[PDB]
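Chemist: Hey, dropping final28.csv in here, CSV, C-alpha atoms and all ligand atoms:
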chain,number,residue,atom,x,y,z
A,436,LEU,CA,5.2,-45.2,1.7
A,437,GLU,CA,8.7,-46.3,2.2
A,438,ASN,CA,8.0,-49.8,0.9
A,439,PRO,CA,9.7,-49.8,-2.6
A,440,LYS,CA,7.2,-52.3,-4.0
A,441,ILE,CA,4.2,-50.0,-3.7
A,442,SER,CA,3.4,-47.8,-6.7
A,443,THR,CA,-0.1,-46.8,-5.9
A,444,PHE,CA,-1.7,-43.7,-4.4
A,445,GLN,CA,-3.3,-44.9,-1.2
A,446,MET,CA,-6.1,-43.1,0.5
A,447,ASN,CA,-8.9,-43.8,3.0
A,448,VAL,CA,-12.1,-45.2,1.6
A,449,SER,CA,-14.2,-42.4,3.2
A,450,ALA,CA,-12.2,-39.8,1.1
A,451,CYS,CA,-13.5,-41.3,-2.1
A,452,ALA,CA,-16.8,-39.3,-1.8
A,453,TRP,CA,-14.9,-36.1,-2.6
A,454,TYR,CA,-13.7,-37.4,-5.9
A,455,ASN,CA,-16.5,-39.9,-6.8
A,456,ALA,CA,-13.7,-42.5,-7.0
A,457,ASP,CA,-13.5,-46.2,-6.3
A,458,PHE,CA,-10.7,-48.7,-6.5
A,459,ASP,CA,-11.6,-50.6,-9.7
A,460,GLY,CA,-8.7,-49.1,-11.5
A,461,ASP,CA,-9.2,-45.3,-11.2
A,462,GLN,CA,-6.2,-43.0,-11.6
A,463,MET,CA,-5.7,-39.7,-9.8
A,464,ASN,CA,-3.2,-36.8,-10.2
A,465,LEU,CA,-1.0,-35.5,-7.4
A,466,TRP,CA,1.3,-32.5,-7.3
A,467,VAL,CA,3.2,-31.2,-4.3
A,468,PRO,CA,3.3,-27.4,-4.0
A,469,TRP,CA,7.0,-26.3,-3.9
A,470,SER,CA,6.5,-22.5,-3.7
A,471,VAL,CA,5.9,-20.9,-0.3
A,472,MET,CA,2.7,-19.0,-1.4
A,473,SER,CA,1.2,-22.0,-3.2
A,474,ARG,CA,2.1,-24.1,-0.1
A,475,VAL,CA,0.3,-21.7,2.3
A,476,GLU,CA,-2.9,-21.6,0.4
A,477,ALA,CA,-2.9,-25.3,-0.1
A,478,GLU,CA,-3.0,-25.8,3.7
A,479,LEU,CA,-5.3,-22.8,4.6
A,480,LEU,CA,-7.7,-22.8,1.6
A,481,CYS,CA,-7.7,-26.0,-0.2
A,482,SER,CA,-7.5,-28.6,2.6
A,483,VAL,CA,-10.1,-31.3,2.2
A,484,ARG,CA,-11.8,-30.4,5.5
B,1,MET,CA,19.7,24.2,-21.3
B,2,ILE,CA,19.2,23.1,-17.7
B,3,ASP,CA,15.8,23.0,-16.0
B,4,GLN,CA,13.3,20.9,-14.0
B,5,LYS,CA,11.4,18.0,-15.3
B,6,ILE,CA,8.7,15.8,-13.6
B,7,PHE,CA,9.0,12.1,-14.3
B,8,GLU,CA,6.8,9.1,-13.4
B,9,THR,CA,8.2,5.7,-12.8
B,10,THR,CA,7.4,2.4,-11.2
B,11,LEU,CA,10.1,0.9,-9.0
B,12,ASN,CA,10.4,-2.8,-8.2
B,13,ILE,CA,11.4,-3.6,-4.6
B,14,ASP,CA,13.2,-6.9,-4.1
B,15,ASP,CA,13.0,-6.7,-0.3
B,16,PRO,CA,9.9,-4.8,0.8
B,17,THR,CA,10.4,-5.3,4.5
B,18,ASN,CA,13.8,-3.7,4.4
B,19,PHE,CA,12.8,-1.0,1.9
B,20,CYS,CA,9.9,0.2,4.2
B,21,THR,CA,12.2,0.8,7.2
B,22,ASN,CA,13.1,4.1,5.5
B,23,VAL,CA,11.1,4.7,2.4
B,24,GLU,CA,12.4,8.2,1.6
B,25,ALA,CA,16.1,7.4,1.7
B,26,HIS,CA,15.8,4.1,-0.1
B,27,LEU,CA,13.5,5.7,-2.7
B,28,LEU,CA,16.1,8.5,-3.3
B,29,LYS,CA,18.9,6.0,-3.5
B,30,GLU,CA,17.1,3.8,-6.1
B,31,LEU,CA,16.0,6.7,-8.2
B,32,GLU,CA,19.6,8.0,-8.3
B,33,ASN,CA,20.9,4.6,-9.0
B,34,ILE,CA,18.5,4.0,-11.9
B,35,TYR,CA,18.1,7.4,-13.6
B,36,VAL,CA,21.1,9.7,-12.9
B,37,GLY,CA,23.2,10.1,-16.0
B,38,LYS,CA,20.8,8.5,-18.5
B,39,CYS,CA,18.3,9.5,-21.2
B,40,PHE,CA,14.6,9.1,-20.3
B,41,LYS,CA,11.6,10.5,-22.1
B,42,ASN,CA,13.3,12.9,-24.6
B,43,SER,CA,15.6,14.3,-21.8
B,44,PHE,CA,18.9,13.7,-20.1
B,45,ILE,CA,18.8,13.4,-16.3
B,46,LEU,CA,21.4,15.2,-14.2
B,47,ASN,CA,20.2,15.3,-10.6
B,48,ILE,CA,17.3,14.1,-8.6
B,49,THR,CA,15.6,17.2,-7.0
B,50,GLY,CA,13.2,15.1,-5.0
B,51,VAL,CA,10.1,12.9,-4.8
B,52,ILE,CA,6.9,14.9,-5.3
B,53,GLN,CA,4.5,12.0,-4.9
B,54,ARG,CA,4.5,8.3,-4.2
B,55,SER,CA,2.2,5.3,-3.7
B,56,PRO,CA,2.2,2.6,-1.0
B,57,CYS,CA,4.5,-0.3,-1.5
B,58,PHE,CA,2.1,-2.7,-3.2
B,59,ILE,CA,2.8,-6.4,-3.3
B,60,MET,CA,3.1,-7.8,-6.8
B,61,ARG,CA,0.0,-9.8,-7.6
B,62,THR,CA,0.6,-11.7,-10.8
B,63,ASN,CA,3.5,-13.8,-9.5
B,64,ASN,CA,4.5,-15.6,-6.2
B,65,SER,CA,7.7,-13.6,-5.7
B,66,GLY,CA,6.6,-11.7,-2.6
B,67,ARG,CA,8.1,-8.6,-4.1
B,68,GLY,CA,6.9,-5.1,-4.0
B,69,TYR,CA,6.4,-2.2,-6.4
B,70,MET,CA,6.0,1.6,-5.9
B,71,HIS,CA,4.8,4.3,-8.2
B,72,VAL,CA,7.0,7.4,-7.9
B,73,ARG,CA,6.4,10.9,-9.3
B,74,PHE,CA,9.7,12.8,-8.9
B,75,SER,CA,11.3,16.1,-9.9
B,76,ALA,CA,14.8,15.9,-11.6
B,77,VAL,CA,17.2,18.5,-12.8
B,78,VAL,CA,17.6,17.7,-16.5
B,79,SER,CA,19.4,19.2,-19.5
B,80,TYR,CA,17.6,19.4,-22.9
B,81,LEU,CA,19.6,20.5,-25.9
B,82,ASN,CA,17.7,22.7,-28.4
B,83,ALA,CA,17.9,22.7,-32.2
B,84,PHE,CA,20.9,24.5,-33.8
B,85,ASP,CA,22.6,25.1,-30.4
B,86,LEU,CA,26.2,25.9,-30.0
B,87,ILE,CA,28.7,23.8,-28.0
B,88,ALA,CA,32.3,25.1,-27.5
B,89,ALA,CA,34.3,21.9,-26.7
B,90,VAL,CA,34.3,18.5,-28.4
B,91,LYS,CA,37.2,16.0,-28.5
B,92,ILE,CA,37.2,14.2,-31.8
B,93,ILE,CA,38.0,10.6,-31.0
B,94,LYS,CA,37.2,8.9,-34.3
B,95,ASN,CA,38.1,10.3,-37.8
B,96,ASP,CA,37.2,7.8,-40.5
B,97,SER,CA,36.2,8.1,-44.1
B,98,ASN,CA,32.5,7.6,-43.4
B,99,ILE,CA,31.7,9.8,-40.3
B,100,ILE,CA,33.5,11.8,-37.6
B,101,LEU,CA,32.8,11.0,-33.9
B,102,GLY,CA,33.5,13.4,-31.1
B,103,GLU,CA,32.4,13.8,-27.5
B,104,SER,CA,31.5,17.0,-25.7
B,105,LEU,CA,33.8,18.1,-22.8
B,106,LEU,CA,32.3,21.1,-20.9
B,107,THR,CA,28.6,20.2,-21.1
B,108,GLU,CA,27.0,16.9,-20.1
B,109,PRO,CA,28.2,13.7,-21.8
B,110,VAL,CA,27.2,14.2,-25.5
B,111,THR,CA,28.2,12.3,-28.6
B,112,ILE,CA,28.4,14.4,-31.8
B,113,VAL,CA,28.6,12.5,-35.1
B,114,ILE,CA,29.4,14.8,-38.0
B,115,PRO,CA,28.7,13.1,-41.4
B,116,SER,CA,31.9,13.2,-43.3
B,117,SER,CA,32.0,15.5,-46.3
B,118,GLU,CA,35.0,15.8,-48.6
B,119,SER,CA,35.8,19.2,-47.1
B,120,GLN,CA,36.0,17.9,-43.5
B,121,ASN,CA,38.1,14.8,-43.5
B,122,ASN,CA,41.2,16.8,-44.5
B,123,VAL,CA,41.1,19.3,-41.6
B,124,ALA,CA,39.8,17.8,-38.3
B,125,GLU,CA,42.1,15.4,-36.6
B,126,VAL,CA,42.1,13.3,-33.4
B,127,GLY,CA,42.9,15.4,-30.4
B,128,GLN,CA,41.4,18.7,-31.4
B,129,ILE,CA,38.8,20.7,-29.4
B,130,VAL,CA,36.5,22.7,-31.6
B,131,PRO,CA,33.1,24.4,-31.3
B,132,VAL,CA,30.1,22.9,-33.1
B,133,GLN,CA,26.7,24.1,-34.3
B,134,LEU,CA,23.7,21.7,-34.0
B,135,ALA,CA,20.8,20.9,-36.2
B,136,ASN,CA,17.0,20.7,-36.0
B,137,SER,CA,15.7,18.0,-33.7
B,138,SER,CA,18.8,15.9,-34.3
B,139,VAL,CA,19.4,15.4,-30.5
B,140,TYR,CA,17.3,12.2,-30.2
B,141,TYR,CA,17.5,11.1,-26.6
B,142,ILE,CA,17.4,7.3,-27.1
B,143,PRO,CA,16.3,6.0,-23.7
B,144,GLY,CA,18.9,4.4,-21.4
B,145,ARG,CA,22.0,5.9,-23.1
B,146,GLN,CA,24.7,7.9,-21.3
B,147,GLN,CA,24.8,10.6,-24.1
B,148,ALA,CA,22.7,12.6,-26.5
B,149,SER,CA,23.5,11.8,-30.1
B,150,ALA,CA,23.4,14.8,-32.3
B,151,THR,CA,24.8,15.7,-35.8
B,152,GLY,CA,26.6,19.0,-36.0
B,153,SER,CA,28.7,21.4,-38.2
B,154,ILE,CA,32.0,23.1,-37.4
B,155,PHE,CA,30.9,26.6,-36.3
B,156,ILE,CA,31.7,29.6,-38.5
B,157,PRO,CA,29.7,32.7,-37.5
B,158,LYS,CA,27.1,33.7,-40.0
B,159,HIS,CA,26.7,36.9,-42.0
B,160,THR,CA,22.9,37.1,-42.0
B,161,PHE,CA,20.3,38.0,-39.4
B,162,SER,CA,16.6,38.0,-38.7
B,163,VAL,CA,14.0,40.8,-38.5
B,164,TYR,CA,10.8,40.4,-36.4
B,165,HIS,CA,7.8,42.7,-36.8
B,166,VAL,CA,6.0,43.0,-33.4
B,167,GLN,CA,2.5,44.5,-33.4
B,168,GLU,CA,1.4,43.4,-29.8
B,169,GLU,CA,2.8,44.9,-26.6
B,170,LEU,CA,5.0,43.0,-24.1
B,171,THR,CA,2.7,42.6,-21.1
B,172,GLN,CA,3.7,42.7,-17.4
B,173,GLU,CA,3.1,39.0,-16.6
B,174,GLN,CA,5.1,37.8,-19.6
B,175,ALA,CA,7.8,40.2,-18.4
B,176,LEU,CA,7.6,38.3,-15.1
B,177,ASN,CA,8.0,35.1,-17.2
B,178,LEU,CA,11.1,36.5,-18.9
B,179,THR,CA,12.5,37.6,-15.6
B,180,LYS,CA,14.0,34.1,-15.3
B,181,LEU,CA,15.9,34.5,-18.5
B,182,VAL,CA,17.0,38.0,-17.5
B,183,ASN,CA,18.3,36.6,-14.2
B,184,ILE,CA,20.1,33.8,-16.1
B,185,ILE,CA,21.8,36.4,-18.2
B,186,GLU,CA,22.8,38.3,-15.0
B,187,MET,CA,24.4,35.2,-13.5
B,188,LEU,CA,26.2,34.5,-16.8
B,189,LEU,CA,27.5,38.0,-16.8
B,190,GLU,CA,28.7,37.9,-13.2
B,191,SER,CA,30.3,34.6,-13.9
B,192,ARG,CA,32.0,36.0,-17.0
B,193,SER,CA,33.2,39.1,-15.2
B,194,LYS,CA,35.7,37.0,-13.1
B,195,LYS,CA,37.6,35.8,-16.2
B,196,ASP,CA,40.8,37.3,-17.6
B,197,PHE,CA,40.3,40.2,-20.0
B,198,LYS,CA,42.7,38.9,-22.6
B,199,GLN,CA,41.0,35.5,-23.1
B,200,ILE,CA,37.5,36.9,-23.5
B,201,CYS,CA,38.8,39.7,-25.7
B,202,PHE,CA,40.6,37.3,-28.0
B,203,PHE,CA,37.7,34.9,-28.3
B,204,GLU,CA,35.3,37.8,-29.0
B,205,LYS,CA,37.8,39.1,-31.7
B,206,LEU,CA,37.9,35.7,-33.3
B,207,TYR,CA,34.1,35.2,-33.2
B,208,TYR,CA,33.1,38.7,-34.1
B,209,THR,CA,31.7,38.8,-37.7
B,210,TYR,CA,33.9,41.6,-38.8
B,211,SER,CA,37.4,42.7,-37.8
B,212,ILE,CA,38.3,45.7,-35.6
B,213,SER,CA,41.7,47.3,-35.0
B,214,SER,CA,42.0,46.4,-31.3
B,215,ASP,CA,40.8,47.8,-28.0
B,216,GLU,CA,37.5,48.8,-29.5
B,217,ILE,CA,35.1,45.9,-28.9
B,218,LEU,CA,34.4,45.6,-25.2
B,219,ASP,CA,33.1,47.9,-22.4
B,220,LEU,CA,32.2,45.3,-19.7
B,221,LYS,CA,30.4,47.6,-17.2
B,222,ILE,CA,28.4,49.6,-19.7
B,223,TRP,CA,28.4,47.6,-22.9
B,224,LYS,CA,28.5,50.7,-25.2
B,225,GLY,CA,29.3,48.5,-28.2
B,226,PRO,CA,32.0,48.9,-30.8
B,227,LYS,CA,33.0,52.4,-31.7
B,228,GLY,CA,33.3,52.0,-35.5
B,229,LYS,CA,32.7,55.3,-37.2
B,230,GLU,CA,29.1,55.5,-36.0
B,231,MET,CA,27.8,53.1,-38.7
B,232,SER,CA,24.1,53.5,-37.6
B,233,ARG,CA,22.5,56.8,-36.6
B,234,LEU,CA,20.5,55.0,-33.9
B,235,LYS,CA,22.2,53.6,-30.8
B,236,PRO,CA,21.5,49.9,-30.1
B,237,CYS,CA,19.2,49.4,-27.2
B,238,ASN,CA,19.9,47.2,-24.1
B,239,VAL,CA,17.4,44.4,-23.9
B,240,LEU,CA,17.6,44.2,-20.1
B,241,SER,CA,16.8,47.9,-19.7
B,242,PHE,CA,13.9,47.6,-22.1
B,243,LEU,CA,12.5,44.7,-20.2
B,244,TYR,CA,12.9,46.4,-16.8
B,245,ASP,CA,11.1,49.5,-18.3
B,246,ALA,CA,8.3,47.4,-19.7
B,247,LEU,CA,7.9,46.0,-16.2
B,248,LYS,CA,6.9,49.6,-15.2
B,249,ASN,CA,5.2,50.2,-18.6
B,250,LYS,CA,7.1,53.2,-19.9
B,251,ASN,CA,8.0,52.1,-23.4
B,252,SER,CA,6.3,50.4,-26.3
B,253,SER,CA,7.7,47.3,-28.0
B,254,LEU,CA,6.1,47.7,-31.5
B,255,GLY,CA,7.9,47.9,-34.8
B,256,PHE,CA,10.8,46.1,-36.4
B,257,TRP,CA,13.5,44.4,-34.3
B,258,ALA,CA,16.8,43.2,-35.7
B,259,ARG,CA,20.2,42.1,-34.5
B,260,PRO,CA,22.6,42.7,-37.4
B,261,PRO,CA,25.9,40.8,-37.3
B,262,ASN,CA,27.8,44.0,-36.6
B,263,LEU,CA,26.2,43.9,-33.1
B,264,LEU,CA,27.9,41.9,-30.4
B,265,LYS,CA,26.0,38.7,-30.0
B,266,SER,CA,26.9,38.3,-26.3
B,267,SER,CA,25.8,41.8,-25.4
B,268,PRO,CA,22.2,42.7,-24.4
B,269,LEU,CA,22.1,45.3,-27.2
B,270,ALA,CA,19.7,45.1,-30.2
B,271,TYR,CA,18.2,47.3,-32.9
B,272,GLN,CA,14.6,48.6,-32.9
B,273,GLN,CA,13.0,50.8,-35.6
B,274,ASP,CA,9.5,52.1,-36.5
B,275,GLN,CA,10.1,51.3,-40.2
B,276,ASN,CA,11.6,48.4,-42.0
B,277,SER,CA,15.0,49.8,-42.9
B,278,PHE,CA,17.1,46.8,-42.0
B,279,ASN,CA,19.2,45.4,-44.9
B,280,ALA,CA,18.1,41.8,-44.4
B,281,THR,CA,18.1,39.3,-47.2
B,282,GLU,CA,15.0,37.5,-45.7
B,283,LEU,CA,11.5,38.7,-45.2
B,284,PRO,CA,10.7,39.9,-41.7
B,285,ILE,CA,8.5,37.6,-39.7
B,286,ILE,CA,5.3,39.0,-38.3
B,287,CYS,CA,5.1,37.8,-34.7
B,288,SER,CA,4.2,39.0,-31.2
B,289,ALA,CA,6.4,40.5,-28.5
B,290,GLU,CA,6.5,37.2,-26.7
B,291,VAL,CA,8.1,35.2,-29.5
B,292,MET,CA,10.6,37.9,-30.5
B,293,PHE,CA,11.6,38.5,-26.9
B,294,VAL,CA,12.0,34.8,-26.2
B,295,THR,CA,14.1,34.3,-29.3
B,296,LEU,CA,16.4,37.2,-28.6
B,297,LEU,CA,16.8,36.3,-24.9
B,298,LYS,CA,17.6,32.7,-25.8
B,299,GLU,CA,20.2,33.8,-28.4
B,300,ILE,CA,21.8,36.1,-25.8
B,301,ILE,CA,22.0,33.2,-23.3
B,302,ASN,CA,23.4,30.9,-25.9
B,303,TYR,CA,26.2,33.3,-27.0
B,304,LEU,CA,27.1,34.2,-23.4
B,305,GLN,CA,27.3,30.5,-22.6
B,306,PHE,CA,29.5,30.0,-25.7
B,307,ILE,CA,31.9,32.7,-24.7
B,308,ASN,CA,32.1,31.5,-21.1
B,309,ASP,CA,32.7,27.9,-22.2
B,310,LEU,CA,35.4,29.0,-24.7
B,311,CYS,CA,37.2,31.0,-22.0
B,312,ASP,CA,37.0,28.1,-19.6
B,313,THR,CA,38.3,25.5,-22.0
B,314,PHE,CA,41.4,27.4,-23.2
B,315,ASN,CA,43.0,28.6,-20.0
B,316,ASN,CA,46.5,28.6,-21.5
B,317,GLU,CA,47.8,30.2,-24.7
B,318,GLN,CA,49.8,27.1,-25.7
B,319,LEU,CA,46.5,25.3,-26.4
B,320,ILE,CA,45.3,28.3,-28.3
B,321,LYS,CA,48.3,28.1,-30.5
B,322,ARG,CA,47.7,24.3,-30.8
B,323,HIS,CA,44.2,25.1,-32.0
B,324,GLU,CA,45.2,28.2,-34.0
B,325,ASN,CA,44.5,26.4,-37.2
B,326,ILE,CA,40.8,26.4,-36.4
B,327,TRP,CA,41.1,30.1,-35.5
B,328,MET,CA,42.4,31.0,-38.9
B,329,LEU,CA,39.8,28.8,-40.6
B,330,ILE,CA,37.3,31.0,-38.8
B,331,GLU,CA,39.3,34.1,-39.7
B,332,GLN,CA,39.2,33.6,-43.5
B,333,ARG,CA,35.4,33.6,-43.3
B,334,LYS,CA,35.3,37.2,-41.8
B,335,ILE,CA,34.0,40.3,-43.7
B,336,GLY,CA,36.4,43.2,-44.1
B,337,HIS,CA,35.7,46.9,-43.8
B,338,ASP,CA,35.1,47.4,-47.5
B,339,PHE,CA,31.8,49.3,-47.1
A,501,MG,MG,-13.6,-46.6,-11.0
Represent the structure of the file as structure tokens.
Modeler:
Amino acid sequence: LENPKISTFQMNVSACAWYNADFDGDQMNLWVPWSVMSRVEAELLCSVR
Amino acid sequence: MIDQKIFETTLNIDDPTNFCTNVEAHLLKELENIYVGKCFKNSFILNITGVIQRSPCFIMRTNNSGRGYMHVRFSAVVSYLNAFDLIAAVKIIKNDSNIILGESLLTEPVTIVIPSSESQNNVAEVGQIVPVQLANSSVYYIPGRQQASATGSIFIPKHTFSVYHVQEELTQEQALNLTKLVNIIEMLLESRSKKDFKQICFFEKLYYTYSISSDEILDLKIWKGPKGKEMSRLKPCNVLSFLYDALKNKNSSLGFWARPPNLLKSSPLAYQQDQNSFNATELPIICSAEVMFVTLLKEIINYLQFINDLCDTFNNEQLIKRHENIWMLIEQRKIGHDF
């Protein structure tokens, strides 16, 4: 999100069923895999599909 | 000595795809780059004979490096120094009040640290090459080091000897085992036979326990011993001939075996008797033919190596005169013909 005034993690409402989340003030963690091996298994194993 | 040793290691491969294009060559290269010239598992590695047995190039599992590892079982030519061995050349580099530090020249890189006694600091100086006697298990091979540390003493030939009582016969297969030592002695002899007669003769005269009035100490082709007034009524026996005869089982190896200092240490001669008539100051040791033969063969090999190394080191008489002070320090410890 290249708007500098947005500080929130935004996601589709139909994805909240995975995390049992809603938008009343919930917080969520996010980390981006930097290693190649961790990056491969993120995409092949741990994708939300 | 110098022999074969089988080692096991695990090599890390930083680029498995390249390494696996030629596993044998890369494996030999890495073993040589890691182990040649270093101490590892109570031994000093000289050469890599080969790779007996290896594993696949496994990919390391506990980190995301993508790197490989391979288990290798390899055979290497190594050199293990025994207790109380005898080196012929060491260059003393450090002469302090506390210890003396020298390095071997002829043999493989070895550091010899003689603890400084009051009778040693006033003789040995920087630049001298002397022979040294080792000690028991003082040759600790600290892993990863380029030399074998060992404490030693400036060599003066002894006046005593050992007597072994053998009550069990030397069998044929153990003779096959000692065939390797016999062959080693044969190679040492044929290597010594090339050298100048004067150098070997002078070194033998210096390191013979007694003194003899010239031209009476050496018969290279027959080894008849020193012709001094027939001191013993029994001729000393050649060890090689006795072993070759016991190969065909014509002689018995029982009784008392001794090598008195009058005998030439480098020759294959020795004394055997049916009764304990040797004038030893120590009790004879009851042992089998295997132990006694191994000890005698090892002593012969050690003294042949000592004479060969002495003759190789001092190729010119000028260096002999430069080291003549050590020669006279040896000489004053000799025993005269007052008997
Ligand atoms: Mg909530």
Chemist: Counting only C-alpha atoms and all ligand atoms, name the residues that have an atom within 9 Å of an atom of ligand MG 501 (chain A); the answer should be given as JSON, numbers by chain.
Modeler: {"A": [455, 456, 457, 458, 459, 460, 461, 462]}
Chemist: Neighbours of residue 472 in chain A within 9 Å (only C-alpha atoms; same-chain residues fewer than 6 positions away dropped), as a PyMOL selection string?
Modeler: chain B and resi 64-66
Chemist: Mind dumping the selected residues with C-alpha atoms as an mmCIF file, in the frame of the given file?
Modeler:
data_model
loop_
_atom_site.group_PDB
_atom_site.id
_atom_site.type_symbol
_atom_site.label_atom_id
_atom_site.label_comp_id
_atom_site.auth_asym_id
_atom_site.auth_seq_id
_atom_site.Cartn_x
_atom_site.Cartn_y
_atom_site.Cartn_z
ATOM 1 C CA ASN B 64 4.500 -15.600 -6.200
ATOM 2 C CA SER B 65 7.700 -13.600 -5.700
ATOM 3 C CA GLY B 66 6.600 -11.700 -2.600
#
Chemist: To one decimal place in Å, what is the distance between CA of residue 128 in chain B and CA of residue 333 in chain B?
Modeler: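 CA of residue 333 in chain B lies at a distance of 20.0 Å from CA of residue 128 in chain B.
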Chemist: Counting only C-alpha atoms, a student should be able to say which residues of chain A come within 10 Å of chain B; what is the right answer, written as number ranges by chain?
Modeler: A: 470-473
Chemist: Can you work out the spacing between CA of residue 220 in chain B and CA of residue 269 in chain B in Å, to one decimal?
Modeler: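 Separation of CA of residue 220 in chain B and CA of residue 269 in chain B: 12.6 Å.
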Chemist: Using only C-alpha atoms, determine which residues lie at most 8 Å from range 211-213 of chain B, disregarding the query and same-chain residues fewer than 2 positions distant; provide the list as a list in words.
Modeler: residues 205, 208, 209, 215, 216, 217, 334, 335, 336 and 337 of chain B
Chemist: Identify which of the residues B:294, B:234, B:6, B:263 lies closest to residue 41 in chain B, counting all atoms listed in the file when measuring atom-to-atom distances.
Modeler: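 Between B:294, B:234, B:6, B:263, the residue approaching residue 41 in chain B most closely is B:6.
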Chemist: Using all atoms listed in the file, determine which residues lie at most 12 Å from residue 15 in chain B, disregarding the query and same-chain residues fewer than 6 positions distant; provide the list as number ranges by chain.
Modeler: B: 21, 23, 26, 57-60, 65-69
Chemist: Work out how far CA of residue 309 in chain B is from CA of residue 88 in chain B, in Å to one decimal.
Modeler: 6.0 Å
Chemist: Got a sec: who's within 9 Å of range 189-204 of chain B, counting all atoms listed in the file, leaving out chain neighbours fewer than 5 positions off, as an NGL selection string?
Modeler: :B and (184 or 215 or 217-218 or 220 or 264 or 266 or 304 or 307-308 or 310-312 or 314-317)
Chemist: Using all atoms listed in the file, determine which residues lie at most 9 Å from range 295-297 of chain B, disregarding the query and same-chain residues fewer than 6 positions distant; provide the list as a ChimeraX atom specification.
Modeler: /B:178,181-182,185,239,259,268,270
Chemist: Could you produce a table of the residues of range 220-297 of chain B lying within 8 Å of range 146-160 of chain B, with the nearest pair of atoms per residue and their separation in Å rounded to one decimal, using only C-alpha atoms, ordered by chain and increasing residue number, as a tab-separated table?
Modeler:
residue	atom	partner	partner_atom	distance
B:260	CA	B:160	CA	7.3
B:261	CA	B:159	CA	6.2
B:280	CA	B:160	CA	7.1
B:281	CA	B:160	CA	7.4
